[PDB]
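What follows is a single structure, written as structure tokens, with notes after it.
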Amino acid sequence: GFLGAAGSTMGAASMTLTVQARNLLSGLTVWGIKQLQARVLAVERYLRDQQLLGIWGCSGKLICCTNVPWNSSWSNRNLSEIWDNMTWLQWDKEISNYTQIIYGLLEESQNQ
Amino acid sequence: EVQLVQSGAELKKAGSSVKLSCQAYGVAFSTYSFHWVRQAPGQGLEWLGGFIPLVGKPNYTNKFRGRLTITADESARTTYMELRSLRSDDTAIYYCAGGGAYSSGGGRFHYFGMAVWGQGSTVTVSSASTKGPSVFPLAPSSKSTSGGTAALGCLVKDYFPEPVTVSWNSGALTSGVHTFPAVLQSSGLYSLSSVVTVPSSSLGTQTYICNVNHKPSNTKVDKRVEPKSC
Ligand SMILES: *[C@@H]1O[C@H](CO)[C@@H](O[C@@H]2O[C@H](CO)[C@@H](O[C@@H]3O[C@H](CO)[C@@H](O)[C@H](O)[C@@H]3O)[C@H](O)[C@H]2NC(C)=O)[C@H](O)[C@H]1NC(C)=O
């Protein structure tokens, strides 16, 4: 179920995106205020992610292809050892340095 | 209003490269379209290139593909044009123009032309070298007087390359001033003569000075014109 493919390869975890997608929205006065803020923060995070996806041209999608070519300086591994011999937790730790450049490229490519 | 300022005249050699700059005042730089055009002496206009700095991908003419580069600098708000592999026909006046554009979505941009133009820069390539201008005062006399109006002026000889700017009384006098276009002699240098007709009564009371500037030779000469002593 939820987070089930955290130890599986990147290819295997690409077929269960909806499981994580669903578990992000619903899954005295002092305590009442604290609980309300959590729900408001979850709604805000969801809306920010949705706005980013819509700006990138990927509104209402779980997998989205783009027109931005992959720079070889971001990673030199071939597709056989990325989608079949790697997990997303390891991939994030490697591409954490180039995330902002890729996001900016996506935005400026979609706008133009 | 919007204004464009360009660099000075340029003289180069065959096979070298030239760079020109154009600075804009009065608009937002990133969302304004800038274009580079050229005009050969005696021929029409030739749109070289143009782009919007925000998009970042300029457009070029297929004739000048591989020889022309257009770049921008938002910190200085200046657009640069680089032309490489100069040939004998590259001597011309280069203009920097600007225009406004809008977007209708999905990568579509619509333009309106070139409403703002620069003053232009003259680029010349030849085997000759720089030469300081020589100024000679065409002094008025009895032969130059007709119906109370006498003509005087200044002639410029032995200078290269173009251009040379001639003014009278630091621009105070403009009426009756005729500056004939420069011509090429067999010696390979240029020559011209700028004249002015003034009332004969002002010859003995008004002082006439012709100021000539030759920027490539960084020469500035102020020559006084008086009737020839007799
Ligand atoms: C909108 O505001 C901008 C910025 O305040 C105005 O741009 C300014 O326009 C004036 C001319 O109206 C420029 O002055 C010119 O500058 C140079 C250097 O002296 C020269 O070309 C002229 O002698 C003249 O002085 C001024 O530099 C320029 N300011 C900037 C920061 O670029 C603009 O006019 C305003 N637009 C409207 C429609 O009111």
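Chains as they are written, first to last, in the entry's author numbering: chain A, 521 to 547, 568 to 652; chain I, 1 to 52, 52A, 53 to 82, 82A to 82C, 83 to 100, 100A to 100J, 101 to 216. From the three backbone atoms N, C-alpha and C, an ideal C-beta is built for every residue, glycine too.
Exclusion of residue 102 of chain I from the 8 Å shell around ligand 1 follows from its C-beta lying no nearer than that to any non-hydrogen atom of the ligand. In the three-state DSSP reduction, residue 643 of chain A falls in the helix class (H, G or I).
Where residue 89 of chain I is concerned, the enclosing beta strand (DSSP E) starts and stops at 88–95. In this structure, residue 73 of chain I has its beta carbon at no less than 8 Å from each heavy atom of ligand 1. Short of 6 Å from the beta carbon of residue 17 of chain I, and not among the five residues preceding or following it, lie these beta carbons of its own chain, in chain order: 82A. Per DSSP, residue 11 of chain I is one residue of the beta strand (DSSP E) stretching across 10–12.
In this structure, residue 49 of chain I lies near residue 63 of chain I, with their beta-carbon atoms less than 9 Å apart. Check the Cα spacing between residue 149 of chain I and each of I:9, I:5, I:97, I:3: the tightest is with I:9. Judged by beta-carbon spacing, residue 632 of chain A lies beyond the 9 Å limit of residue 531 of chain A, meaning their Cβ atoms are not closer than that value. Residues 120, 177 of the same chain have their beta carbon placed closer than 6 Å to that of residue 143 of chain I, with the five preceding and five following residues left out of the count. Residue environment: residue 60 of chain I is assigned as exposed (fewer than 16 neighbouring CB atoms within 10 Å of its CB, all protein chains considered). Using a 10 angstroms sphere on the CB of residue 69 of chain I, the tally of other CB atoms reaches 16 or more, which defines it as buried. Taking 8 Å as the cut-off, one finds at least one heavy atom of ligand 1 near enough to the beta carbon of residue 3 of chain I. Not a single C-beta of chain A is nearer than 9 Å to the C-beta of residue 150 of chain I.
Sequence-distant partners of residue 41 of chain I (beyond 5 residues in either direction) whose C-beta falls short of 8 Å from its own C-beta, in its chain, are 87, 88, 89. Residue nearest to residue 6 of chain I within the set I:14, I:12, I:13, I:25 is I:25 (criterion: CA-CA distance). For residue 32 of chain I, the Cβ stays outside the 8 Å cut-off from all heavy atoms of ligand 1. By the CB criterion at 9 Å, residue 77 of chain I and residue 36 of chain I fall outside the cutoff. Residue pairing of residue 31 of chain I in beta bridges, as defined by DSSP: absent, with no partner found. For residue 55 of chain I, at least one C-beta of chain A is nearer than 9 Å to its own C-beta. Taking a 10 Å sphere around the C-beta of residue 103 of chain I, we find fewer than 16 other C-beta atoms and assign the residue as exposed.
Along the region 580–598 of chain A, none of the residues has a CB nearer than 9 Å to a CB of chain I. In the structure shown, residue 638 of chain A falls within a coil segment according to DSSP collapsed to helix, strand and coil.
At least one heavy atom of ligand 1 falls within 8 Å of the beta-carbon of residue 25 of chain I. Cβ atoms of residue 134 of chain I and residue 185 of chain I come within 8 Å of each other, at about 6 Å. In this structure residue 130 of chain I is buried. Its beta-carbon is surrounded by 16 or more other beta-carbon atoms within 10 angstroms. Cβ-Cβ distances below 8 Å link residue 72 of chain I to 78, 79 in the same chain, with the five nearest sequence neighbours on each side left out; the list follows chain order.
Relative to residue 93 of chain I, the option among I:2, I:108, I:165 whose CA is nearest is I:2.
With contacts defined by Cβ atoms closer than 9 Å, residue 213 of chain I and residue 189 of chain I form a contacting pair. Straight across, the Cα-Cα distance linking residue 154 of chain I with residue 100C of chain I is about 53 Å. Think of a sphere of 7 Å around the beta carbon of residue 652 of chain A: the chain I residues whose beta carbon falls inside it are 54, 100C, in chain order.
Boundaries of the alpha helix (DSSP H) around residue 538 of chain A: 537–542. In this structure, DSSP gives residue 1 of chain I a state outside helix and strand, which the three-state scheme calls coil.
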